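Notes follow once the structure below has been shown.
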Amino acid sequence: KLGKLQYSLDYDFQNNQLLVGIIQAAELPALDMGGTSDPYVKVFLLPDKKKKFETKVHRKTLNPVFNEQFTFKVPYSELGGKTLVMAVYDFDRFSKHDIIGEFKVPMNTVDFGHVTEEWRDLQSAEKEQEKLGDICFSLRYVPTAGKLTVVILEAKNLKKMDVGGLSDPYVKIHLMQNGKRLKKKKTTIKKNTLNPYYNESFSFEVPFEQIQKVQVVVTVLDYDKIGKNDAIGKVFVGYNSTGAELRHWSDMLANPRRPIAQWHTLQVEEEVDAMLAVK
Amino acid sequence: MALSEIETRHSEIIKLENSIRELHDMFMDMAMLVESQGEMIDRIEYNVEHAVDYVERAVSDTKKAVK
Amino acid sequence: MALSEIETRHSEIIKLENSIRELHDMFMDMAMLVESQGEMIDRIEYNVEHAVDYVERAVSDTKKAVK
Amino acid sequence: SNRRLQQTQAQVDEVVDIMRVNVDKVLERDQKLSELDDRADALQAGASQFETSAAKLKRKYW
Amino acid sequence: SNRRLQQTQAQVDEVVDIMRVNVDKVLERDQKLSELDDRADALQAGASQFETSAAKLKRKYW
Amino acid sequence: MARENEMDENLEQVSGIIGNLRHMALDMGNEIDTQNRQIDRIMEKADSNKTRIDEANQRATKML
Amino acid sequence: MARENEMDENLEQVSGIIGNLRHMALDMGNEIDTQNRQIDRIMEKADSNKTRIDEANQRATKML
Amino acid sequence: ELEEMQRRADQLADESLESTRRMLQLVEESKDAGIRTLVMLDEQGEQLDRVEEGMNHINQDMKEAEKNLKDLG
Amino acid sequence: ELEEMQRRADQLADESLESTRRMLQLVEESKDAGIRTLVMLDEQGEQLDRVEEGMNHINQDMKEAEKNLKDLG
Ligand SMILES: [Mg+2]
Ligand SMILES: [Mg+2]
């Protein structure tokens, strides 16, 4: 809704360099006082954000004309897997320069040979979950003996916690009720692994009369010897649980004398602990 | 290096891929057999529980018969 | 432990002995082939030296012939 | 670095040597389970027969 | 300690994998040497013939 | 070298996964063994009870 | 345990000897390769001189 | 000869690369198959335990039945 | 059953022991075979070098002979 952007694109095979020309922009939304914004466009290679190029700042126009040119000294072989980013910014002298729009162009969709030049509609820049890690385990409950068998199987795509390398993950299991942490368990520490494999079983004494009032808290943490050990992620199943967690719980209940294995997405400890302080 | 080094590299790599593939197939067969045997255990436990019921009722009857 | 542990120990040990034996036989064959090829090289060098003599005398003769 | 290639290869070979043995042991498990199945069927059959006889005997000596 | 047994086993397997390749390369060497032998025999034959012709030519142009 | 390194990373991941596969294969095999021993026990007891119930049934029908 | 240890020592010696065998196999194979390259060179030169001497003999007998 | 040689080398490089990718996929499938295998082993294990308890119960019951039949004879 | 079992265990122990002794002997034979193999490789190597020098000499001589025949024609 902000407006459109006219740009030019072509590749010079004689010098082996990419020629990106910023022609102009149109129908940009106004964010400043006078009824017009102060726009300027930042252009850089999408693959690696290095050596970003910025145009000159135009004062108070919703149809700025830059007619500028930038050169990216990039070979033609590497070019194919490289994208272009053209983002329109609004200049403000006394605050952060808000982004008006952005546009990304894949270099595998681009056809070189003829000089390309087109108008493309601007879109709103992206601000998803940060962790992007997952933990898989199995739940088994037999109501008669009141035994809860939680087998930590394996985690994957965990967030980096160490400097310039992989993480040193270990699983801590808490059993909570009415906000209190009863039992404490943990696993072996697998060092330098992107996907830790444990296959470690834990058992808990849970009566059939309190099965609907128990909380199972699985936490994946990082291990450094020195100082406090931080936390990568955590999820909880049982009382006051929602999503695939409550589903897995209900599968454990519906299937007695049988263990059901499932994956779970790691949430931040703040929200989870905020949920556990409920009731 | 040369083409010989690259060729031997490629060869040993393919060898690795084939060994890996055999490992894979072994795991697949593993899961399969374990599953079928699982069904077998299902029917075993069935027959056993039925047997338990029959035995229990029989024992009750004889126990009431002797006295 | 038990008899199972001792039996598996014994089995893996025998396996090791057989692998060792294959290694041995490979070394023996190695020495053999290298030796025979050695004799082959003997006769090669023989023929070559004879060829050298013949060539040398021929060259001397032509060299005296041209002038 | 051929060292890593050959080392990984050795790992794979080892795991293979583990897995084939595991598979054979699984087959043995299949045999044992099958025989146990037959034995269990016969067992429950005899159980039902004995239950019937027990019913007769209870209806006789009481 | 099964670790040492299996480790030694892995060593043996590795050395085997080296040695079989070495042996094949040796066989190739046997081929090359054989062909070189034939080539050398032909070479010295031609050498003797050329020596004779050279003798004739020396006894002609001098 | 990017081609080569990319491949290198792949081989490293394959190495790790292979190690995990090793551990899993060990646990698998071991538990398979123990379960086999248990099955042996089960068949022993089952044959025992089979004999028990056959003899008992014969003795029971004997008094009829 | 003496039976077991004695055997242990044996396995250690076998380990060392196996390592040495590895080194020897490496040197062996490498030198075999280099010698194979050299043999290739030898056959190239030998064929060259074979052609040389055949042509030269023909030219020599030509003037007779 | 030379151009075809360089192209051959790069070719072998690509082939080996995609091969390693295939390996990663295969060991992933292997991984998951192994996991579910272990799960099955746990389930069937507990089932075997229940079978054992069944056998024990049968044994004790038939022991009692034997007692009653010996008390009747 | 028990006596035969203990005797069986000790038996397996002895068997494994003498087996390892056999291994030591075998890797010794392998060792020596390897050594003499390397020796042969050195000898034959020097022989190959002499062969190469022979070939070079032949080449130069035939080059000269070619020169004389071209000077005669
Ligand atoms: Mg402003
Ligand atoms: Mg760390």
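The chains in the structure tokens are called A, B, ... from first to last as shown; in each chain the residues are counted from 1, and the ligands are counted from 1 in the order shown.
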Name the residues, by chain letter and number, that sit within 8 Å of ligand 2 using only C-alpha atoms and all ligand atoms, and give them as a list in words.
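Using only C-alpha atoms and all ligand atoms, everything at most 8 Å from ligand 2 comes to residues 161, 162, 166, 167, 168, 169, 191, 192, 222, 223 and 224 of chain A.
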Which residues are near ligand 1 in this structure, taking near to mean any atom at most 8 Å from a ligand atom and counting only C-alpha atoms and all ligand atoms? Format them as an MDAnalysis selection string.
chainID A and resid 31:33 37:38 60 90:93
Could you list, as a PyMOL selection string, every residue of chain C that has an atom within 7 Å of an atom of chain I, counting only C-alpha atoms?
chain C and resi 3+6+10+13+17+20-21+24+27-28+31+34-35+38+45+48-49+52+55-56+59+62-63+66
Give me, as JSON, numbers by chain, all polymer residues having an atom no more than 7 Å from residue 41 (chain E), counting only C-alpha atoms and skipping those fewer than 4 positions away in the same chain.
{"C": [47], "E": [37, 45]}
For the residues selected in the previous step, produce a file with C-alpha atoms as a compact mmCIF listing (two decimals), in the first residue's frame.
```
# COMPACT_ATOMS: atom_id res chain seq x y z
CA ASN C 47 67.56 -57.06 -22.82
CA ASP E 37 59.51 -57.07 -21.08
CA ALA E 45 66.05 -57.21 -31.59
```
Using only C-alpha atoms, find which residues of chain G lie within 10 Å of chain C and jot them down as JSON, numbers by chain.
{"G": [11, 14, 18, 21, 25, 28, 32, 46, 53, 60]}
10 Å contacts from chain D to chain H using only C-alpha atoms, as a list in words:
residues 47, 54 and 61 of chain D
Within 8 Å of residue 39 (chain G) using only C-alpha atoms, minus same-chain residues under 2 positions, as a short mmCIF file (atom, residue, chain, number, x, y, z; two decimals) with N, CA, C and O atoms, in the first residue's frame:
```
data_model
loop_
_atom_site.label_atom_id
_atom_site.label_comp_id
_atom_site.auth_asym_id
_atom_site.auth_seq_id
_atom_site.Cartn_x
_atom_site.Cartn_y
_atom_site.Cartn_z
N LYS E 32 52.19 -54.18 -16.36
CA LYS E 32 53.08 -53.16 -16.93
C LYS E 32 54.49 -53.71 -17.17
O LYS E 32 55.11 -53.45 -18.20
N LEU E 33 54.98 -54.48 -16.20
CA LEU E 33 56.31 -55.09 -16.30
C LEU E 33 56.37 -56.12 -17.41
O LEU E 33 57.38 -56.21 -18.11
N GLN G 35 56.52 -46.18 -8.29
CA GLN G 35 57.23 -47.07 -9.20
C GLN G 35 56.38 -47.38 -10.43
O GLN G 35 56.91 -47.57 -11.52
N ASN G 36 55.06 -47.43 -10.25
CA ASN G 36 54.16 -47.66 -11.38
C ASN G 36 54.20 -46.48 -12.34
O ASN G 36 54.23 -46.67 -13.57
N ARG G 37 54.20 -45.27 -11.79
CA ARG G 37 54.34 -44.07 -12.62
C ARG G 37 55.66 -44.11 -13.39
O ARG G 37 55.71 -43.82 -14.60
N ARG G 41 56.46 -44.18 -17.47
CA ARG G 41 57.49 -43.37 -18.12
C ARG G 41 58.44 -44.22 -18.97
O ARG G 41 58.76 -43.88 -20.12
N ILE G 42 58.87 -45.34 -18.39
CA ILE G 42 59.81 -46.24 -19.05
C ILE G 42 59.22 -46.78 -20.34
O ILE G 42 59.90 -46.84 -21.36
N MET G 43 57.95 -47.17 -20.31
CA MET G 43 57.31 -47.72 -21.50
C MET G 43 57.10 -46.64 -22.57
O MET G 43 57.18 -46.93 -23.77
N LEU I 48 65.09 -50.32 -11.82
CA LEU I 48 64.26 -49.51 -12.70
C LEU I 48 64.95 -48.20 -13.06
O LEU I 48 64.85 -47.72 -14.19
#
```
Mobile chain D fitted to chain E over all in-order Cα pairs, reported as a CSV table (one decimal) with N, CA and C atoms, in the first residue's frame:
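Final output, result-v2.csv:
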```
chain,number,residue,atom,x,y,z
D,1,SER,N,37.6,-56.0,28.9
D,1,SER,CA,37.6,-54.8,28.2
D,1,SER,C,37.5,-55.0,26.7
D,2,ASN,N,36.2,-55.0,26.2
D,2,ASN,CA,35.9,-55.2,24.8
D,2,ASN,C,36.4,-54.1,23.9
D,3,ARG,N,36.6,-53.0,24.5
D,3,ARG,CA,37.0,-51.8,23.8
D,3,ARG,C,38.4,-52.0,23.0
D,4,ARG,N,39.3,-52.7,23.7
D,4,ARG,CA,40.6,-53.0,23.1
D,4,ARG,C,40.5,-54.0,22.0
D,5,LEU,N,39.7,-55.0,22.3
D,5,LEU,CA,39.4,-56.1,21.3
D,5,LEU,C,38.9,-55.6,20.0
D,6,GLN,N,37.8,-54.8,20.1
D,6,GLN,CA,37.1,-54.2,19.0
D,6,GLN,C,38.0,-53.2,18.3
D,7,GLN,N,38.8,-52.4,19.1
D,7,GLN,CA,39.7,-51.4,18.5
D,7,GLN,C,40.8,-52.1,17.7
D,8,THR,N,41.4,-53.1,18.2
D,8,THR,CA,42.4,-53.9,17.5
D,8,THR,C,41.8,-54.5,16.3
D,9,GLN,N,40.6,-55.0,16.4
D,9,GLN,CA,39.8,-55.5,15.2
D,9,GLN,C,39.7,-54.5,14.1
D,10,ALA,N,39.4,-53.3,14.5
D,10,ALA,CA,39.2,-52.2,13.6
D,10,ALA,C,40.6,-51.9,12.9
D,11,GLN,N,41.7,-51.9,13.7
D,11,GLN,CA,43.0,-51.8,13.1
D,11,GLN,C,43.3,-52.8,12.1
D,12,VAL,N,43.0,-54.1,12.4
D,12,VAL,CA,43.2,-55.2,11.5
D,12,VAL,C,42.4,-55.0,10.2
D,13,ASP,N,41.2,-54.7,10.3
D,13,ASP,CA,40.3,-54.4,9.2
D,13,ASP,C,40.9,-53.3,8.3
D,14,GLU,N,41.3,-52.2,8.9
D,14,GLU,CA,41.9,-51.1,8.2
D,14,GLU,C,43.2,-51.6,7.4
D,15,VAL,N,44.1,-52.3,8.0
D,15,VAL,CA,45.3,-52.7,7.4
D,15,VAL,C,45.0,-53.7,6.3
D,16,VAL,N,43.9,-54.5,6.4
D,16,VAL,CA,43.5,-55.4,5.4
D,16,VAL,C,43.0,-54.6,4.2
D,17,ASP,N,42.2,-53.6,4.4
D,17,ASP,CA,41.7,-52.7,3.4
D,17,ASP,C,42.8,-52.0,2.6
D,18,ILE,N,43.9,-51.7,3.3
D,18,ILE,CA,45.1,-51.1,2.7
D,18,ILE,C,45.8,-52.2,1.8
D,19,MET,N,46.0,-53.4,2.4
D,19,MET,CA,46.8,-54.4,1.7
D,19,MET,C,46.1,-55.0,0.5
D,20,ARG,N,44.8,-55.1,0.4
D,20,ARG,CA,44.2,-55.7,-0.8
D,20,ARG,C,44.4,-54.7,-1.9
D,21,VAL,N,44.2,-53.4,-1.7
D,21,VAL,CA,44.4,-52.4,-2.7
D,21,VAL,C,45.9,-52.4,-3.1
D,22,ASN,N,46.8,-52.5,-2.2
D,22,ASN,CA,48.2,-52.6,-2.5
D,22,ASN,C,48.5,-53.8,-3.4
D,23,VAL,N,47.8,-54.9,-3.1
D,23,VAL,CA,48.0,-56.2,-3.9
D,23,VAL,C,47.5,-56.0,-5.4
D,24,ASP,N,46.3,-55.3,-5.5
D,24,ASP,CA,45.8,-55.1,-6.8
D,24,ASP,C,46.7,-54.2,-7.6
D,25,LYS,N,47.2,-53.1,-7.0
D,25,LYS,CA,48.2,-52.2,-7.6
D,25,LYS,C,49.5,-53.0,-8.0
D,26,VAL,N,49.9,-54.0,-7.2
D,26,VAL,CA,51.0,-54.9,-7.5
D,26,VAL,C,50.7,-55.7,-8.8
D,27,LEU,N,49.5,-56.2,-8.9
D,27,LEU,CA,49.1,-56.9,-10.1
D,27,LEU,C,49.2,-56.1,-11.4
D,28,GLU,N,48.7,-54.8,-11.2
D,28,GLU,CA,48.9,-53.9,-12.3
D,28,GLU,C,50.3,-53.7,-12.7
D,29,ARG,N,51.2,-53.6,-11.7
D,29,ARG,CA,52.6,-53.5,-11.9
D,29,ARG,C,53.1,-54.7,-12.6
D,30,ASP,N,52.6,-55.9,-12.4
D,30,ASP,CA,52.9,-57.1,-13.1
D,30,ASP,C,52.6,-57.0,-14.5
D,31,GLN,N,51.4,-56.5,-14.8
D,31,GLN,CA,51.0,-56.3,-16.2
D,31,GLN,C,52.0,-55.4,-16.9
D,32,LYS,N,52.2,-54.2,-16.4
D,32,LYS,CA,53.1,-53.2,-16.9
D,32,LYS,C,54.5,-53.7,-17.2
D,33,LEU,N,55.0,-54.5,-16.2
D,33,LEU,CA,56.3,-55.1,-16.3
D,33,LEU,C,56.4,-56.1,-17.4
D,34,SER,N,55.3,-56.9,-17.6
D,34,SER,CA,55.3,-57.9,-18.6
D,34,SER,C,55.3,-57.3,-20.0
D,35,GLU,N,54.5,-56.3,-20.2
D,35,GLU,CA,54.4,-55.6,-21.5
D,35,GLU,C,55.8,-54.9,-21.7
D,36,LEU,N,56.4,-54.3,-20.7
D,36,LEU,CA,57.7,-53.7,-20.8
D,36,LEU,C,58.8,-54.8,-21.2
D,37,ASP,N,58.6,-56.0,-20.7
D,37,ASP,CA,59.5,-57.1,-21.1
D,37,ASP,C,59.4,-57.4,-22.6
D,38,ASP,N,58.2,-57.5,-23.1
D,38,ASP,CA,58.0,-57.8,-24.5
D,38,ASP,C,58.6,-56.7,-25.3
D,39,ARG,N,58.3,-55.4,-24.9
D,39,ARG,CA,58.8,-54.2,-25.6
D,39,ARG,C,60.3,-54.2,-25.6
D,40,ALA,N,60.9,-54.6,-24.5
D,40,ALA,CA,62.4,-54.6,-24.4
D,40,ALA,C,63.0,-55.6,-25.3
D,41,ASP,N,62.4,-56.8,-25.4
D,41,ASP,CA,62.9,-57.8,-26.3
D,41,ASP,C,62.8,-57.4,-27.7
D,42,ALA,N,61.7,-56.8,-28.1
D,42,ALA,CA,61.6,-56.3,-29.5
D,42,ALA,C,62.6,-55.2,-29.7
D,43,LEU,N,62.8,-54.3,-28.7
D,43,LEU,CA,63.7,-53.2,-28.8
D,43,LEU,C,65.1,-53.7,-29.1
D,44,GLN,N,65.6,-54.7,-28.3
D,44,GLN,CA,67.0,-55.2,-28.5
D,44,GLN,C,67.1,-55.9,-29.8
D,45,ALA,N,66.0,-56.6,-30.3
D,45,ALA,CA,66.0,-57.2,-31.6
D,45,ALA,C,66.3,-56.2,-32.7
D,46,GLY,N,65.5,-55.1,-32.7
D,46,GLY,CA,65.6,-54.0,-33.6
D,46,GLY,C,67.0,-53.4,-33.5
D,47,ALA,N,67.5,-53.3,-32.3
D,47,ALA,CA,68.8,-52.8,-32.0
D,47,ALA,C,69.9,-53.6,-32.7
D,48,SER,N,69.8,-54.9,-32.6
D,48,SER,CA,70.8,-55.8,-33.3
D,48,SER,C,70.7,-55.7,-34.8
D,49,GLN,N,69.5,-55.7,-35.3
D,49,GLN,CA,69.3,-55.5,-36.8
D,49,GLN,C,69.9,-54.2,-37.3
D,50,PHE,N,69.6,-53.1,-36.6
D,50,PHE,CA,70.2,-51.8,-36.9
D,50,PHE,C,71.7,-51.8,-36.8
D,51,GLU,N,72.2,-52.5,-35.8
D,51,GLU,CA,73.7,-52.6,-35.7
D,51,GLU,C,74.3,-53.3,-36.9
D,52,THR,N,73.7,-54.3,-37.3
D,52,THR,CA,74.2,-55.0,-38.5
D,52,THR,C,74.1,-54.1,-39.8
D,53,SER,N,73.0,-53.5,-40.0
D,53,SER,CA,72.9,-52.6,-41.1
D,53,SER,C,73.9,-51.4,-41.0
D,54,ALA,N,74.2,-51.0,-39.8
D,54,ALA,CA,75.2,-49.9,-39.6
D,54,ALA,C,76.6,-50.4,-39.9
D,55,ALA,N,76.8,-51.7,-39.7
D,55,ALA,CA,78.1,-52.3,-40.0
D,55,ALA,C,78.3,-52.3,-41.5
D,56,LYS,N,77.2,-52.8,-42.2
D,56,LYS,CA,77.2,-52.7,-43.7
D,56,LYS,C,77.5,-51.3,-44.2
D,57,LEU,N,76.8,-50.4,-43.7
D,57,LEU,CA,76.9,-49.0,-44.2
D,57,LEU,C,78.3,-48.4,-43.9
D,58,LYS,N,78.9,-48.8,-42.8
D,58,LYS,CA,80.2,-48.3,-42.5
D,58,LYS,C,81.2,-48.9,-43.4
D,59,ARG,N,81.0,-50.2,-43.8
D,59,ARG,CA,81.8,-50.9,-44.7
D,59,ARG,C,81.5,-50.5,-46.1
D,60,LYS,N,80.6,-49.6,-46.3
D,60,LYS,CA,80.2,-49.1,-47.6
D,60,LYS,C,80.7,-47.7,-47.9
D,61,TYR,N,80.4,-46.8,-47.0
D,61,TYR,CA,80.7,-45.4,-47.2
D,61,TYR,C,82.0,-44.9,-46.5
D,62,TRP,N,82.9,-45.8,-46.2
D,62,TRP,CA,84.2,-45.4,-45.7
D,62,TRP,C,85.3,-46.3,-46.3
```
Could I have chain I as a tab-separated table (two decimals) with C-alpha atoms, in the first residue's frame after it is superimposed on chain H by least squares, pairing all C-alpha atoms in sequence order?
```tsv
chain	number	residue	atom	x	y	z
I	1	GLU	CA	41.11	-32.61	-23.73
I	2	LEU	CA	41.94	-30.03	-21.07
I	3	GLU	CA	38.52	-28.33	-20.92
I	4	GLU	CA	36.84	-31.73	-20.78
I	5	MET	CA	39.26	-32.63	-17.98
I	6	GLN	CA	38.47	-29.60	-15.80
I	7	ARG	CA	34.76	-30.11	-16.45
I	8	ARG	CA	35.26	-33.77	-15.53
I	9	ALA	CA	36.85	-32.81	-12.21
I	10	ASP	CA	34.09	-30.35	-11.32
I	11	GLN	CA	31.60	-33.04	-12.39
I	12	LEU	CA	33.09	-35.56	-9.96
I	13	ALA	CA	32.98	-32.87	-7.26
I	14	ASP	CA	29.26	-32.26	-7.78
I	15	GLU	CA	28.52	-36.00	-7.95
I	16	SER	CA	30.34	-36.64	-4.67
I	17	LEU	CA	28.50	-33.69	-3.10
I	18	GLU	CA	24.98	-34.84	-4.00
I	19	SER	CA	26.10	-38.33	-2.98
I	20	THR	CA	26.89	-37.07	0.51
I	21	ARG	CA	23.48	-35.38	0.58
I	22	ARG	CA	21.92	-38.76	-0.26
I	23	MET	CA	23.92	-40.21	2.63
I	24	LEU	CA	22.51	-37.60	5.02
I	25	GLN	CA	18.96	-38.44	3.91
I	26	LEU	CA	19.61	-42.18	4.28
I	27	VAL	CA	21.08	-41.93	7.78
I	28	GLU	CA	18.12	-39.74	8.72
I	29	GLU	CA	15.64	-42.41	7.61
I	30	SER	CA	17.79	-44.96	9.42
I	31	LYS	CA	17.73	-42.76	12.53
I	32	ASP	CA	13.93	-42.50	12.63
I	33	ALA	CA	13.43	-46.19	11.83
I	34	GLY	CA	15.72	-46.99	14.74
I	35	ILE	CA	13.80	-44.71	17.10
I	36	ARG	CA	10.41	-46.22	16.30
I	37	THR	CA	12.04	-49.66	16.55
I	38	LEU	CA	13.12	-48.88	20.12
I	39	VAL	CA	9.61	-47.62	20.91
I	40	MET	CA	8.16	-50.89	19.65
I	41	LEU	CA	10.69	-52.74	21.81
I	42	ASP	CA	9.52	-50.90	24.93
I	43	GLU	CA	5.85	-51.55	24.19
I	44	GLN	CA	6.33	-55.23	23.37
I	45	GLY	CA	8.58	-55.48	26.43
I	46	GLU	CA	5.87	-54.31	28.80
I	47	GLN	CA	3.50	-56.69	27.01
I	48	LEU	CA	5.93	-59.54	27.70
I	49	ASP	CA	6.00	-58.53	31.36
I	50	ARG	CA	2.20	-58.69	31.52
I	51	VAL	CA	2.46	-62.12	29.88
I	52	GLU	CA	4.87	-63.23	32.62
I	53	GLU	CA	2.56	-62.02	35.38
I	54	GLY	CA	-0.20	-63.94	33.60
I	55	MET	CA	1.89	-67.11	33.66
I	56	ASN	CA	2.68	-66.69	37.36
I	57	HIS	CA	-1.01	-66.21	38.20
I	58	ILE	CA	-1.88	-69.31	36.15
I	59	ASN	CA	0.76	-71.30	38.03
I	60	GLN	CA	-0.51	-70.30	41.47
I	61	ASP	CA	-4.15	-70.88	40.52
I	62	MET	CA	-3.39	-74.34	39.14
I	63	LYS	CA	-1.38	-75.06	42.28
I	64	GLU	CA	-4.50	-74.32	44.33
I	65	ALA	CA	-6.66	-76.39	41.97
I	66	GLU	CA	-4.19	-79.24	42.40
I	67	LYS	CA	-4.58	-78.83	46.16
I	68	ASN	CA	-8.39	-79.02	45.96
I	69	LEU	CA	-8.30	-82.07	43.69
I	70	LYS	CA	-5.89	-83.77	46.10
I	71	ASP	CA	-8.21	-82.86	48.98
I	72	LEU	CA	-11.17	-84.31	47.09
I	73	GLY	CA	-9.53	-87.60	46.10
```
I need the residues in region 15-253 of chain A that are strand (DSSP E) according to DSSP; give them as a ChimeraX atom specification.
/A:17-26,39-45,53-54,65-72,84-90,99-105,116-121,134-142,147-156,169-177,180-186,197-205,215-222,231-238
What are the residues of chain A that have an atom within 12 Å of an atom of chain H, counting only C-alpha atoms, as a short mmCIF file (atom, residue, chain, number, x, y, z; two decimals) with N, CA, C and O atoms, in the first residue's frame?
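Output below, filename result.cif:
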```cif
data_model
loop_
_atom_site.label_atom_id
_atom_site.label_comp_id
_atom_site.auth_asym_id
_atom_site.auth_seq_id
_atom_site.Cartn_x
_atom_site.Cartn_y
_atom_site.Cartn_z
N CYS A 136 12.17 -34.40 21.32
CA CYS A 136 11.30 -35.56 21.18
C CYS A 136 11.48 -36.56 22.31
O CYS A 136 12.61 -36.96 22.64
N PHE A 137 10.35 -36.98 22.89
CA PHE A 137 10.36 -37.96 23.98
C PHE A 137 9.10 -38.82 23.98
O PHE A 137 8.16 -38.55 23.24
N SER A 138 9.09 -39.86 24.81
CA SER A 138 7.95 -40.78 24.88
C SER A 138 7.31 -40.79 26.26
O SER A 138 8.00 -40.73 27.29
N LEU A 139 5.98 -40.87 26.29
CA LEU A 139 5.24 -40.92 27.55
C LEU A 139 4.49 -42.24 27.71
O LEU A 139 3.82 -42.70 26.78
N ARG A 140 4.60 -42.84 28.89
CA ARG A 140 3.91 -44.09 29.19
C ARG A 140 3.40 -44.10 30.62
O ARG A 140 4.16 -43.93 31.56
N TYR A 141 2.09 -44.30 30.78
CA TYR A 141 1.50 -44.34 32.11
C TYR A 141 0.58 -45.55 32.21
O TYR A 141 -0.30 -45.76 31.38
N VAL A 142 0.80 -46.35 33.25
CA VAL A 142 -0.10 -47.46 33.56
C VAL A 142 -0.78 -47.08 34.88
O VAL A 142 -0.12 -46.91 35.90
N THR A 149 6.55 -43.21 32.93
CA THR A 149 7.84 -43.43 32.28
C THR A 149 8.10 -42.41 31.17
O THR A 149 7.58 -42.53 30.06
N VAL A 150 8.90 -41.39 31.49
CA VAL A 150 9.29 -40.37 30.53
C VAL A 150 10.67 -40.68 29.96
O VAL A 150 11.68 -40.57 30.66
N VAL A 151 10.71 -41.06 28.69
CA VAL A 151 11.97 -41.41 28.04
C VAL A 151 12.42 -40.29 27.10
O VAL A 151 11.86 -40.12 26.02
N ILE A 152 13.45 -39.55 27.52
CA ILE A 152 14.02 -38.52 26.66
C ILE A 152 14.72 -39.19 25.50
O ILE A 152 15.70 -39.91 25.69
N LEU A 153 14.21 -38.96 24.30
CA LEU A 153 14.78 -39.57 23.11
C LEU A 153 15.84 -38.67 22.49
O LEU A 153 17.03 -38.95 22.61
N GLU A 154 15.42 -37.59 21.83
CA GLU A 154 16.39 -36.77 21.09
C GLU A 154 15.91 -35.37 20.74
O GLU A 154 14.75 -35.17 20.39
N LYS A 156 16.70 -31.65 18.39
CA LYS A 156 17.23 -31.25 17.09
C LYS A 156 17.06 -29.76 16.83
O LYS A 156 16.16 -29.12 17.38
N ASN A 195 22.38 -32.14 17.16
CA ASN A 195 21.23 -32.98 17.47
C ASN A 195 21.66 -34.03 18.49
O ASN A 195 22.25 -35.05 18.13
N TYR A 197 21.50 -37.09 21.04
CA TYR A 197 20.76 -38.34 21.24
C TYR A 197 21.03 -38.90 22.63
O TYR A 197 22.17 -39.16 22.99
N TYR A 198 19.97 -39.07 23.41
CA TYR A 198 20.10 -39.54 24.79
C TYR A 198 19.58 -40.96 24.96
O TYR A 198 20.31 -41.86 25.38
N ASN A 199 18.30 -41.15 24.64
CA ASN A 199 17.58 -42.40 24.86
C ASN A 199 17.68 -42.79 26.33
O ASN A 199 18.16 -43.88 26.67
N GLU A 200 17.22 -41.91 27.21
CA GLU A 200 17.32 -42.14 28.64
C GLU A 200 15.96 -42.13 29.32
O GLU A 200 15.17 -41.20 29.13
N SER A 201 15.68 -43.16 30.11
CA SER A 201 14.36 -43.32 30.72
C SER A 201 14.32 -42.82 32.16
O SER A 201 15.27 -43.00 32.92
N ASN A 255 -3.97 -44.33 25.78
CA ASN A 255 -3.21 -45.54 25.51
C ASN A 255 -2.38 -45.94 26.72
O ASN A 255 -1.23 -45.51 26.86
N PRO A 256 -2.96 -46.76 27.61
CA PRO A 256 -2.27 -47.23 28.81
C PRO A 256 -1.42 -48.47 28.53
O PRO A 256 -1.68 -49.16 27.54
N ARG A 257 -0.43 -48.72 29.37
CA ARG A 257 0.50 -49.85 29.20
C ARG A 257 1.21 -49.77 27.85
O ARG A 257 1.64 -50.79 27.30
N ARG A 258 1.34 -48.56 27.32
CA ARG A 258 1.95 -48.35 26.02
C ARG A 258 2.56 -46.95 25.93
O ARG A 258 1.90 -45.97 26.26
N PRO A 259 3.82 -46.87 25.49
CA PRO A 259 4.52 -45.59 25.37
C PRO A 259 4.31 -44.92 24.02
O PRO A 259 4.45 -45.55 22.98
N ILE A 260 3.96 -43.64 24.05
CA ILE A 260 3.76 -42.88 22.83
C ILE A 260 4.85 -41.81 22.69
O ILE A 260 4.99 -40.94 23.56
N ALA A 261 5.61 -41.89 21.61
CA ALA A 261 6.68 -40.93 21.35
C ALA A 261 6.18 -39.78 20.49
O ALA A 261 5.38 -39.98 19.58
N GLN A 262 6.66 -38.58 20.79
CA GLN A 262 6.23 -37.38 20.07
C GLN A 262 7.27 -36.26 20.17
O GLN A 262 8.08 -36.23 21.11
#
```
